[PDB]
Amino acid sequence: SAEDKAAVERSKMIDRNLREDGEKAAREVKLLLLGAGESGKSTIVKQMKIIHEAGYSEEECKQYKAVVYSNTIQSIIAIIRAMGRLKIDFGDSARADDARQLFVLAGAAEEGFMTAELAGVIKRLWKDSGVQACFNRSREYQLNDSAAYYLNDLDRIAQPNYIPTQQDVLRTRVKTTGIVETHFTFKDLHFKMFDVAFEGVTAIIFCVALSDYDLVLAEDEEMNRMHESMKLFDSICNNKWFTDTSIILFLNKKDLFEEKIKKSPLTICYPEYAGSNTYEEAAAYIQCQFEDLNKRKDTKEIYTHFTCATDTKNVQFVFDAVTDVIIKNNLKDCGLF
Ligand SMILES: Nc1nc2c(ncn2[C@@H]2O[C@H](COP(=O)(O)OP(=O)(O)O)[C@@H](O)[C@H]2O)c(=O)[nH]1
Ligand SMILES: [Cl-]
C-alpha cells in the first residue's frame, strides 16, 4: 500500500545511527515553489501554515480585512471600467449613478474600506444584468479570480464587526516580491519551502492556473498565458540541476477551470485541440501538453496533481501524497541536522 511503501522505505535508512543523537535529528527537505504570477504559490504557502502549523488565527485574520476590502473594490472597479471599454450599458440606467459613486468613494479613501453606503453601491452594481454580462466576459480584461467569491458574500463582509475567515484570507491576492522562505514539519520531515516571485533542491512544486487557458498576459494582450507557463515548465523540468529532483506539477484552479470550460473552448488556447469541451477531456489534454514537455522521459517522471489551492482539504490530501513520493524517492539525498 502506497503509504506503507513509504514507511517501509524510510525504515531502511541507517544514517541516523552515525549521529550521537541521530534519532532526534532533523531530516531536512528543500522544496521550491515555482510558477507564473497568480498561479497559486502564495496560496499553497498559506495552506502549509494552516495545515501543518498554527493555522491562521482570528487576530491574524483581522490583519487581512482591508486587503479583502481592497480586493473587492479593485474587482468591481475593473468590471465597471471594462463595461466602458467593451461598450456594455447598464441593465438598469439608474446604476450609472452608483458607478460614479463608486469612483467618488474609492477616489477619496486612503486604503481599502467598507461602509454601508459603499456596500450598497457595490451590491447594486453587482446585481445589475449589464454588469453581470461584463463579468461573464472577464477573459477580455484583467479581473481578480476572487471577484465572485468576495462580491457574492459582500453582505457578510460589509458587516461592522466583520471578521475575515480563513477562506477569506486564502482568497486574498497579496502582492508578493522576491523570495519567501517558510518552515514546517510534517511526517517528521523539516520542510524548507521557497516561493520564488537552486542547489540541492529535494522537490519542485510547479503551479499552473488551469483557468488561464482563455486569458491573455497582463503585460502583453497578445500572449497566451498558458503558453508562457508551458515555456517556463519546459525550462524548469528539463533543467540539469533538477535531474535528481522530484518534479511535482500542480494543475491548479481546477474549480475555476471546471466552470470556465463549459462555456469557453480550449481551442482558444490550443487551436488544434479536437476533443470534447468537457472538464475530463480538456483537463487531461492540458496535463498531457505539460507532461509531454519532459525531454528525459525514461528517467524522469512528473508527479501531477489537480488542485484547488484555496481548498484546505484538497491541498492536505495532495500534499500528503506529494510527501510519500519524496519519502520514497528523495530521502537518501536529504541531510540530517
Ligand atoms: N478559486 C481558486 N482561486 C485560487 C486558487 N489558487 C489561488 N487562487 C486565488 O488566485 C489568486 C492568486 O493566487 P496566488 O497564490 O497569490 O498566486 P501567486 O502569485 O503565484 O502567489 C489569489 O486571490 C488566490 O486566492 C484555486 O485553486 N481556486
Ligand atoms: Cl457604461
# chains A, B, ... in the order shown; residues from 1 in each chain; ligands from 1

$ select_by_dssp --residues "segment 13-232 of chain A" --states "strand (DSSP E)" --output "PyMOL selection string"
chain A and resi 27-35+179-186+189-196+203-209

$ write_last_selection --atoms "N, CA and C atoms" --output "short mmCIF file (atom, residue, chain, number, x, y, z; two decimals), in the first residue's frame"
data_model
loop_
_atom_site.label_atom_id
_atom_site.label_comp_id
_atom_site.auth_asym_id
_atom_site.auth_seq_id
_atom_site.Cartn_x
_atom_site.Cartn_y
_atom_site.Cartn_z
N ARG A 27 15.49 15.69 9.76
CA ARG A 27 15.68 15.32 8.36
C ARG A 27 15.14 16.47 7.53
N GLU A 28 15.96 17.01 6.63
CA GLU A 28 15.59 18.28 6.01
C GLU A 28 15.22 18.15 4.55
N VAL A 29 14.11 18.78 4.20
CA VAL A 29 13.60 18.75 2.83
C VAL A 29 13.48 20.16 2.25
N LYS A 30 14.18 20.38 1.16
CA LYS A 30 14.19 21.67 0.50
C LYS A 30 13.24 21.57 -0.68
N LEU A 31 12.26 22.45 -0.67
CA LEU A 31 11.20 22.41 -1.64
C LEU A 31 11.05 23.79 -2.27
N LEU A 32 11.04 23.80 -3.59
CA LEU A 32 10.96 25.02 -4.38
C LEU A 32 9.56 25.16 -4.95
N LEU A 33 8.93 26.31 -4.72
CA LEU A 33 7.59 26.58 -5.22
C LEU A 33 7.74 27.52 -6.40
N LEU A 34 7.37 27.03 -7.58
CA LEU A 34 7.56 27.76 -8.82
C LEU A 34 6.25 27.90 -9.57
N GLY A 35 6.19 28.92 -10.42
CA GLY A 35 5.06 29.11 -11.31
C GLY A 35 4.82 30.57 -11.64
N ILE A 179 11.92 36.42 -2.83
CA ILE A 179 11.88 35.03 -2.37
C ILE A 179 11.41 34.88 -0.92
N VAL A 180 10.35 34.09 -0.73
CA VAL A 180 9.74 33.87 0.58
C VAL A 180 10.06 32.47 1.10
N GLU A 181 10.61 32.39 2.31
CA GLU A 181 11.03 31.12 2.88
C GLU A 181 10.18 30.76 4.07
N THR A 182 9.60 29.58 4.02
CA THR A 182 8.70 29.11 5.06
C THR A 182 9.15 27.75 5.58
N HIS A 183 9.05 27.55 6.89
CA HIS A 183 9.47 26.30 7.51
C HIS A 183 8.29 25.59 8.15
N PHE A 184 8.19 24.28 7.94
CA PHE A 184 7.17 23.50 8.63
C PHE A 184 7.60 22.05 8.73
N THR A 185 6.96 21.31 9.63
CA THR A 185 7.31 19.93 9.88
C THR A 185 6.11 19.05 9.64
N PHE A 186 6.32 17.97 8.89
CA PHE A 186 5.24 17.04 8.54
C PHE A 186 5.84 15.65 8.36
N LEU A 189 9.45 15.30 8.73
CA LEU A 189 10.32 15.96 7.77
C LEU A 189 10.27 17.46 8.00
N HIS A 190 11.44 18.08 7.99
CA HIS A 190 11.52 19.50 8.20
C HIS A 190 11.63 20.17 6.85
N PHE A 191 10.50 20.67 6.38
CA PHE A 191 10.45 21.32 5.09
C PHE A 191 10.98 22.74 5.18
N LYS A 192 11.85 23.09 4.24
CA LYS A 192 12.19 24.47 3.97
C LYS A 192 11.61 24.76 2.59
N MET A 193 10.59 25.61 2.54
CA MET A 193 9.85 25.85 1.32
C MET A 193 10.13 27.26 0.80
N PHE A 194 10.55 27.35 -0.46
CA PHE A 194 10.88 28.63 -1.06
C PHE A 194 9.92 28.99 -2.18
N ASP A 195 9.29 30.14 -2.04
CA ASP A 195 8.41 30.66 -3.06
C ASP A 195 9.17 31.76 -3.81
N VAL A 196 9.51 31.50 -5.06
CA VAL A 196 10.21 32.49 -5.85
C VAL A 196 9.18 33.31 -6.62
N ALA A 203 12.70 18.81 -4.08
CA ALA A 203 11.49 18.72 -4.90
C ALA A 203 11.11 20.09 -5.43
N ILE A 204 10.50 20.11 -6.60
CA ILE A 204 9.92 21.32 -7.15
C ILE A 204 8.42 21.10 -7.21
N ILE A 205 7.65 22.06 -6.74
CA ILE A 205 6.21 22.06 -6.99
C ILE A 205 5.92 23.18 -7.97
N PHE A 206 5.47 22.82 -9.16
CA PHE A 206 5.22 23.82 -10.20
C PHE A 206 3.73 24.05 -10.36
N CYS A 207 3.29 25.30 -10.15
CA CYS A 207 1.87 25.65 -10.22
C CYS A 207 1.44 26.22 -11.57
N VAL A 208 0.31 25.73 -12.05
CA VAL A 208 -0.30 26.22 -13.27
C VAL A 208 -1.75 26.63 -13.00
N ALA A 209 -2.11 27.84 -13.39
CA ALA A 209 -3.51 28.21 -13.34
C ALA A 209 -4.19 27.65 -14.59
#

$ closest_atom_pairs --of "chain A" --to "ligand 2" --cutoff "8 Å" --atoms "only C-alpha atoms and all ligand atoms" --output "JSON lines"
{"residue": "A:80", "atom": "CA", "partner": "ligand 2", "partner_atom_place_in_ligand_line": "1 (Cl)", "distance": 7.3}
{"residue": "A:81", "atom": "CA", "partner": "ligand 2", "partner_atom_place_in_ligand_line": "1 (Cl)", "distance": 7.8}
{"residue": "A:83", "atom": "CA", "partner": "ligand 2", "partner_atom_place_in_ligand_line": "1 (Cl)", "distance": 5.3}
{"residue": "A:84", "atom": "CA", "partner": "ligand 2", "partner_atom_place_in_ligand_line": "1 (Cl)", "distance": 4.5}
{"residue": "A:87", "atom": "CA", "partner": "ligand 2", "partner_atom_place_in_ligand_line": "1 (Cl)", "distance": 6.4}
{"residue": "A:88", "atom": "CA", "partner": "ligand 2", "partner_atom_place_in_ligand_line": "1 (Cl)", "distance": 5.8}
{"residue": "A:89", "atom": "CA", "partner": "ligand 2", "partner_atom_place_in_ligand_line": "1 (Cl)", "distance": 4.7}
{"residue": "A:90", "atom": "CA", "partner": "ligand 2", "partner_atom_place_in_ligand_line": "1 (Cl)", "distance": 6.3}
{"residue": "A:96", "atom": "CA", "partner": "ligand 2", "partner_atom_place_in_ligand_line": "1 (Cl)", "distance": 7.2}

$ write_last_selection --atoms "C-alpha atoms" --output "mmCIF file, in the first residue's frame"
data_model
loop_
_atom_site.group_PDB
_atom_site.id
_atom_site.type_symbol
_atom_site.label_atom_id
_atom_site.label_comp_id
_atom_site.auth_asym_id
_atom_site.auth_seq_id
_atom_site.Cartn_x
_atom_site.Cartn_y
_atom_site.Cartn_z
ATOM 1 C CA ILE A 80 -17.249 48.736 -14.316
ATOM 2 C CA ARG A 81 -14.321 50.147 -16.274
ATOM 3 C CA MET A 83 -18.095 47.965 -19.398
ATOM 4 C CA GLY A 84 -16.910 51.237 -20.833
ATOM 5 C CA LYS A 87 -19.422 49.146 -24.704
ATOM 6 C CA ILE A 88 -21.782 47.355 -22.334
ATOM 7 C CA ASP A 89 -24.569 49.559 -20.968
ATOM 8 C CA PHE A 90 -26.128 49.094 -17.546
ATOM 9 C CA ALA A 96 -24.828 54.868 -13.781
#

$ residues_near_ligand --ligand "ligand 1" --cutoff "6 Å" --atoms "only C-alpha atoms and all ligand atoms" --output "ChimeraX atom specification"
/A:36-43,145-146,170-174,252-256,308-310

$ write_last_selection --atoms "N, CA, C and O atoms" --output "short mmCIF file (atom, residue, chain, number, x, y, z; two decimals), in the first residue's frame"
data_model
loop_
_atom_site.label_atom_id
_atom_site.label_comp_id
_atom_site.auth_asym_id
_atom_site.auth_seq_id
_atom_site.Cartn_x
_atom_site.Cartn_y
_atom_site.Cartn_z
N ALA A 36 4.00 30.81 -12.65
CA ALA A 36 3.69 32.17 -13.09
C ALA A 36 2.99 32.92 -11.99
O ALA A 36 2.47 32.33 -11.05
N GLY A 37 2.97 34.24 -12.14
CA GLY A 37 2.23 35.09 -11.23
C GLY A 37 0.79 34.63 -11.19
O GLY A 37 0.22 34.28 -12.22
N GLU A 38 0.22 34.62 -9.99
CA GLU A 38 -1.19 34.32 -9.79
C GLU A 38 -1.50 32.85 -10.04
O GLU A 38 -2.66 32.46 -10.15
N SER A 39 -0.47 32.02 -10.09
CA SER A 39 -0.66 30.59 -10.31
C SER A 39 -1.08 29.85 -9.02
O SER A 39 -1.58 28.73 -9.10
N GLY A 40 -0.88 30.46 -7.85
CA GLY A 40 -1.32 29.87 -6.59
C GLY A 40 -0.24 29.64 -5.53
O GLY A 40 -0.51 29.05 -4.48
N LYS A 41 0.98 30.12 -5.79
CA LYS A 41 2.13 29.78 -4.94
C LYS A 41 1.93 30.29 -3.51
O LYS A 41 2.14 29.55 -2.53
N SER A 42 1.52 31.54 -3.38
CA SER A 42 1.28 32.12 -2.06
C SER A 42 0.15 31.42 -1.36
O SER A 42 0.18 31.27 -0.14
N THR A 43 -0.85 30.98 -2.11
CA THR A 43 -1.98 30.29 -1.51
C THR A 43 -1.53 28.94 -0.88
O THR A 43 -1.90 28.63 0.25
N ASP A 145 -9.39 36.63 -9.66
CA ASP A 145 -10.16 35.39 -9.68
C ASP A 145 -11.14 35.31 -8.50
O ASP A 145 -12.16 34.64 -8.58
N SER A 146 -10.83 36.01 -7.42
CA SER A 146 -11.70 36.04 -6.25
C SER A 146 -12.82 37.08 -6.34
O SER A 146 -13.50 37.33 -5.35
N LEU A 170 -7.42 33.13 2.47
CA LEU A 170 -6.86 32.29 1.42
C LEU A 170 -7.15 32.87 0.05
O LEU A 170 -6.34 32.75 -0.88
N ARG A 171 -8.32 33.51 -0.05
CA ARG A 171 -8.78 34.10 -1.30
C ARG A 171 -8.12 35.45 -1.60
O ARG A 171 -8.32 36.00 -2.68
N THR A 172 -7.35 36.01 -0.67
CA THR A 172 -6.76 37.30 -0.97
C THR A 172 -5.69 37.17 -2.06
O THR A 172 -5.08 36.10 -2.25
N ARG A 173 -5.52 38.26 -2.79
CA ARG A 173 -4.37 38.45 -3.65
C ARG A 173 -3.47 39.49 -3.01
O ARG A 173 -3.82 40.66 -2.92
N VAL A 174 -2.31 39.04 -2.55
CA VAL A 174 -1.33 39.91 -1.92
C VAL A 174 -0.12 40.02 -2.83
O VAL A 174 0.40 39.01 -3.30
N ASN A 252 -3.48 23.75 -11.09
CA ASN A 252 -4.28 24.42 -10.08
C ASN A 252 -5.51 25.17 -10.61
O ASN A 252 -5.71 25.31 -11.82
N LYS A 253 -6.34 25.71 -9.69
CA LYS A 253 -7.53 26.46 -10.02
C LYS A 253 -8.51 25.59 -10.82
O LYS A 253 -9.22 26.07 -11.70
N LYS A 254 -8.53 24.29 -10.48
CA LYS A 254 -9.37 23.34 -11.20
C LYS A 254 -10.85 23.68 -11.05
O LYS A 254 -11.66 23.29 -11.90
N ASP A 255 -11.19 24.38 -9.97
CA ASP A 255 -12.58 24.76 -9.73
C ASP A 255 -12.99 25.86 -10.71
O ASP A 255 -14.06 25.79 -11.30
N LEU A 256 -12.13 26.85 -10.92
CA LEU A 256 -12.46 27.91 -11.87
C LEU A 256 -12.50 27.32 -13.28
O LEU A 256 -13.36 27.68 -14.09
N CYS A 308 -7.08 22.47 -6.05
CA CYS A 308 -7.74 23.73 -5.77
C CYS A 308 -7.07 24.30 -4.54
O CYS A 308 -7.34 23.87 -3.41
N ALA A 309 -6.18 25.25 -4.76
CA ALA A 309 -5.26 25.67 -3.73
C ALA A 309 -5.94 26.41 -2.58
O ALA A 309 -5.40 26.47 -1.48
N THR A 310 -7.12 26.97 -2.80
CA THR A 310 -7.84 27.64 -1.71
C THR A 310 -8.63 26.62 -0.89
O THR A 310 -9.28 26.97 0.10
#

$ residues_around --residues "segment 267-275 of chain A" --least-positions-apart "2" --cutoff "12 Å" --atoms "only C-alpha atoms" --output "JSON, numbers by chain"
{"A": [139, 210, 211, 212, 213, 214, 215, 216, 223, 224, 225, 226, 227, 228, 230, 261, 263, 264, 265, 277, 278, 279, 280, 281, 282, 283, 284, 285, 286, 288, 289]}

$ residues_around --residues "residue 241 of chain A" --least-positions-apart "3" --cutoff "12 Å" --atoms "only C-alpha atoms" --output "list in words"
residues 198, 199, 200, 201, 202, 203, 204, 235, 236, 237, 238, 244, 245, 246 and 247 of chain A

$ write_last_selection --atoms "C-alpha atoms" --output "compact mmCIF listing (two decimals), in the first residue's frame"
# COMPACT_ATOMS: atom_id res chain seq x y z
CA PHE A 198 18.72 26.42 -6.64
CA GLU A 199 21.18 23.78 -5.49
CA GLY A 200 20.26 20.60 -3.64
CA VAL A 201 16.54 21.03 -4.18
CA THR A 202 14.67 17.96 -2.95
CA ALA A 203 11.49 18.72 -4.90
CA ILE A 204 9.92 21.32 -7.15
CA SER A 235 12.81 25.24 -18.91
CA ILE A 236 12.41 24.12 -15.27
CA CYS A 237 11.64 20.46 -15.86
CA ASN A 238 14.50 19.73 -18.25
CA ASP A 244 17.51 14.08 -9.16
CA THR A 245 14.74 16.47 -8.10
CA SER A 246 11.21 15.21 -7.79
CA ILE A 247 9.20 17.44 -10.06

$ residues_around --residues "segment 107-120 of chain A" --least-positions-apart "5" --cutoff "8 Å" --atoms "only C-alpha atoms" --output "ChimeraX atom specification"
/A:66-71,73,102,154-155,158

$ write_last_selection --atoms "C-alpha atoms" --output "compact mmCIF listing (two decimals), in the first residue's frame"
# COMPACT_ATOMS: atom_id res chain seq x y z
CA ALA A 66 -8.58 45.96 4.46
CA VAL A 67 -6.90 43.62 1.95
CA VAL A 68 -10.26 41.93 1.49
CA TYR A 69 -11.87 45.35 1.09
CA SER A 70 -9.20 46.45 -1.35
CA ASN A 71 -9.55 43.23 -3.38
CA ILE A 73 -13.04 47.29 -4.58
CA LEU A 102 -18.05 54.00 -6.64
CA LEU A 154 -20.47 41.21 0.09
CA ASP A 155 -23.21 41.30 2.69
CA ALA A 158 -19.86 44.62 4.83

$ select_by_dssp --residues "segment 23-269 of chain A" --states "helix (DSSP H, G or I)" --output "ChimeraX atom specification"
/A:23-24,41-52,58-62,65-86,95-108,116-127,129-135,138-140,147-152,154-158,166-170,210-214,225-237,240-242,254-263,266-268

$ write_last_selection --atoms "C-alpha atoms" --output "short mmCIF file (atom, residue, chain, number, x, y, z; two decimals), in the first residue's frame"
data_model
loop_
_atom_site.label_atom_id
_atom_site.label_comp_id
_atom_site.auth_asym_id
_atom_site.auth_seq_id
_atom_site.Cartn_x
_atom_site.Cartn_y
_atom_site.Cartn_z
CA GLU A 23 17.00 9.70 16.39
CA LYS A 24 16.11 13.27 17.31
CA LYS A 41 2.13 29.78 -4.94
CA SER A 42 1.28 32.12 -2.06
CA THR A 43 -1.98 30.29 -1.51
CA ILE A 44 -0.09 26.97 -1.08
CA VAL A 45 2.26 28.72 1.38
CA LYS A 46 -0.77 29.76 3.44
CA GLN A 47 -2.19 26.24 3.28
CA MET A 48 1.06 24.77 4.70
CA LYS A 49 0.73 27.07 7.72
CA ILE A 50 -2.94 26.34 8.10
CA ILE A 51 -2.47 22.57 7.80
CA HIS A 52 0.89 21.83 9.41
CA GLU A 58 -8.67 35.10 14.22
CA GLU A 59 -6.37 38.02 15.16
CA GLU A 60 -4.10 37.06 12.27
CA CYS A 61 -7.18 37.08 10.05
CA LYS A 62 -8.19 40.54 11.23
CA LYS A 65 -9.61 42.76 6.29
CA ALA A 66 -8.58 45.96 4.46
CA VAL A 67 -6.90 43.62 1.95
CA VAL A 68 -10.26 41.93 1.49
CA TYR A 69 -11.87 45.35 1.09
CA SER A 70 -9.20 46.45 -1.35
CA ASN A 71 -9.55 43.23 -3.38
CA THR A 72 -13.32 43.67 -3.54
CA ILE A 73 -13.04 47.29 -4.58
CA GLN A 74 -10.42 46.51 -7.24
CA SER A 75 -12.62 43.71 -8.55
CA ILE A 76 -15.78 45.79 -9.02
CA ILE A 77 -13.92 48.76 -10.45
CA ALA A 78 -12.28 46.51 -13.08
CA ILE A 79 -15.69 45.26 -14.22
CA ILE A 80 -17.25 48.74 -14.32
CA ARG A 81 -14.32 50.15 -16.27
CA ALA A 82 -14.41 47.24 -18.70
CA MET A 83 -18.10 47.97 -19.40
CA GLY A 84 -16.91 51.24 -20.83
CA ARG A 85 -14.12 49.80 -22.92
CA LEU A 86 -16.36 46.93 -24.17
CA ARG A 95 -26.86 52.22 -11.95
CA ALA A 96 -24.83 54.87 -13.78
CA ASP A 97 -25.10 56.95 -10.61
CA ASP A 98 -23.83 54.08 -8.46
CA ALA A 99 -20.90 53.60 -10.83
CA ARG A 100 -19.99 57.26 -10.37
CA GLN A 101 -20.42 56.98 -6.59
CA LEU A 102 -18.05 54.00 -6.64
CA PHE A 103 -15.28 56.19 -8.04
CA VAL A 104 -16.19 59.07 -5.76
CA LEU A 105 -15.80 56.86 -2.67
CA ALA A 106 -12.75 54.88 -3.76
CA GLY A 107 -11.31 58.16 -5.00
CA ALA A 108 -11.34 59.86 -1.62
CA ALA A 116 -22.91 50.79 4.40
CA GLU A 117 -23.02 53.38 1.62
CA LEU A 118 -20.24 51.66 -0.36
CA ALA A 119 -21.62 48.19 0.24
CA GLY A 120 -24.94 49.45 -1.09
CA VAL A 121 -23.33 50.92 -4.18
CA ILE A 122 -21.34 47.76 -4.97
CA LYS A 123 -24.14 45.27 -4.29
CA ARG A 124 -26.49 47.18 -6.63
CA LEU A 125 -23.81 47.26 -9.30
CA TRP A 126 -23.04 43.54 -8.88
CA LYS A 127 -26.76 42.65 -9.20
CA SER A 129 -27.73 42.48 -15.63
CA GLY A 130 -25.25 44.53 -17.68
CA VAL A 131 -22.54 44.37 -15.05
CA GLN A 132 -23.16 40.64 -14.85
CA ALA A 133 -22.78 40.35 -18.60
CA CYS A 134 -19.47 42.19 -18.39
CA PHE A 135 -18.38 39.98 -15.50
CA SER A 138 -13.78 38.81 -17.91
CA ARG A 139 -11.43 36.82 -20.16
CA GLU A 140 -11.42 40.01 -22.23
CA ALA A 147 -14.01 38.73 -7.62
CA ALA A 148 -17.09 36.50 -7.50
CA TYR A 149 -16.17 34.96 -4.17
CA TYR A 150 -15.96 38.31 -2.36
CA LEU A 151 -18.76 40.10 -4.24
CA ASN A 152 -21.27 37.30 -3.63
CA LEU A 154 -20.47 41.21 0.09
CA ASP A 155 -23.21 41.30 2.69
CA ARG A 156 -21.18 39.34 5.27
CA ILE A 157 -18.00 41.31 4.52
CA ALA A 158 -19.86 44.62 4.83
CA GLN A 166 -9.64 31.54 6.79
CA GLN A 167 -11.21 31.16 3.36
CA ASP A 168 -11.44 34.95 3.11
CA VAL A 169 -7.68 35.17 3.78
CA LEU A 170 -6.86 32.29 1.42
CA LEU A 210 -5.64 25.88 -15.50
CA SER A 211 -8.19 28.67 -15.69
CA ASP A 212 -5.76 30.85 -17.64
CA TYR A 213 -6.31 28.89 -20.85
CA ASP A 214 -8.53 31.68 -22.25
CA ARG A 225 -0.82 32.81 -20.51
CA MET A 226 -0.97 29.02 -20.68
CA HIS A 227 1.81 29.03 -23.30
CA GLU A 228 4.02 31.15 -21.05
CA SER A 229 3.87 28.70 -18.13
CA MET A 230 4.43 25.86 -20.58
CA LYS A 231 7.57 27.64 -21.81
CA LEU A 232 8.53 28.01 -18.16
CA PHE A 233 7.83 24.39 -17.19
CA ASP A 234 9.85 23.26 -20.19
CA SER A 235 12.81 25.24 -18.91
CA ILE A 236 12.41 24.12 -15.27
CA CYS A 237 11.64 20.46 -15.86
CA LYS A 240 20.14 19.92 -15.50
CA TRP A 241 20.09 20.95 -11.83
CA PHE A 242 16.85 19.04 -11.29
CA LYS A 254 -9.37 23.34 -11.20
CA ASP A 255 -12.58 24.76 -9.73
CA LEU A 256 -12.46 27.91 -11.87
CA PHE A 257 -11.49 25.75 -14.84
CA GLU A 258 -14.42 23.40 -14.34
CA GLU A 259 -16.72 26.43 -14.52
CA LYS A 260 -14.99 28.11 -17.46
CA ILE A 261 -14.68 25.04 -19.69
CA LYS A 262 -18.44 24.67 -20.02
CA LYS A 263 -18.84 27.88 -22.00
CA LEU A 266 -9.95 25.07 -25.09
CA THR A 267 -9.28 25.75 -28.78
CA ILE A 268 -8.68 29.35 -27.65
#

$ atom_distance --atom1 "atom CA of residue 298 of chain A" --atom2 "atom CA of residue 318 of chain A"
24.7 Å

$ residues_around --residues "residue 328 of chain A" --least-positions-apart "3" --cutoff "10 Å" --atoms "only C-alpha atoms" --output "mmCIF file with N, CA and C atoms, in the first residue's frame"
data_model
loop_
_atom_site.group_PDB
_atom_site.id
_atom_site.type_symbol
_atom_site.label_atom_id
_atom_site.label_comp_id
_atom_site.auth_asym_id
_atom_site.auth_seq_id
_atom_site.Cartn_x
_atom_site.Cartn_y
_atom_site.Cartn_z
ATOM 1 N N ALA A 2 0.529 2.195 -0.917
ATOM 2 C CA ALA A 2 1.350 3.380 -1.206
ATOM 3 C C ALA A 2 1.966 4.107 -0.001
ATOM 4 N N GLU A 3 1.243 4.194 1.111
ATOM 5 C CA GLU A 3 1.770 4.872 2.296
ATOM 6 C C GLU A 3 2.700 3.943 3.084
ATOM 7 N N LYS A 5 4.434 1.662 1.751
ATOM 8 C CA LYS A 5 5.648 1.551 0.964
ATOM 9 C C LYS A 5 6.612 2.672 1.353
ATOM 10 N N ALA A 6 6.078 3.845 1.683
ATOM 11 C CA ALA A 6 6.932 4.953 2.098
ATOM 12 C C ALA A 6 7.473 4.724 3.503
ATOM 13 N N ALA A 7 6.639 4.196 4.388
ATOM 14 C CA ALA A 7 7.061 3.954 5.757
ATOM 15 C C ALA A 7 8.156 2.905 5.753
ATOM 16 N N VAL A 8 7.956 1.859 4.962
ATOM 17 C CA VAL A 8 8.963 0.820 4.838
ATOM 18 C C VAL A 8 10.234 1.453 4.287
ATOM 19 N N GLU A 9 10.102 2.181 3.184
ATOM 20 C CA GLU A 9 11.260 2.799 2.560
ATOM 21 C C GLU A 9 12.080 3.600 3.553
ATOM 22 N N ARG A 10 11.440 4.491 4.305
ATOM 23 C CA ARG A 10 12.207 5.318 5.228
ATOM 24 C C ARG A 10 12.872 4.458 6.323
ATOM 25 N N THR A 323 4.166 14.113 -0.317
ATOM 26 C CA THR A 323 5.158 13.782 0.696
ATOM 27 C C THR A 323 5.570 12.296 0.651
ATOM 28 N N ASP A 324 4.644 11.386 0.353
ATOM 29 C CA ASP A 324 5.031 9.975 0.261
ATOM 30 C C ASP A 324 5.991 9.760 -0.927
ATOM 31 N N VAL A 325 5.778 10.496 -2.011
ATOM 32 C CA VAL A 325 6.694 10.454 -3.145
ATOM 33 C C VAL A 325 8.127 10.891 -2.752
ATOM 34 N N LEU A 331 14.647 10.583 -0.084
ATOM 35 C CA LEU A 331 15.081 10.567 1.299
ATOM 36 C C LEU A 331 16.594 10.405 1.462
ATOM 37 N N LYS A 332 17.230 9.670 0.559
ATOM 38 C CA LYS A 332 18.670 9.437 0.666
ATOM 39 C C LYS A 332 19.491 10.690 0.395
#

$ atom_distance --atom1 "atom CA of residue 163 of chain A" --atom2 "atom CA of residue 142 of chain A"
27.9 Å

$ closest_residue --among "A:315, A:336, A:322, A:25" --to "residue 302 of chain A" --atoms "only C-alpha atoms"
A:322
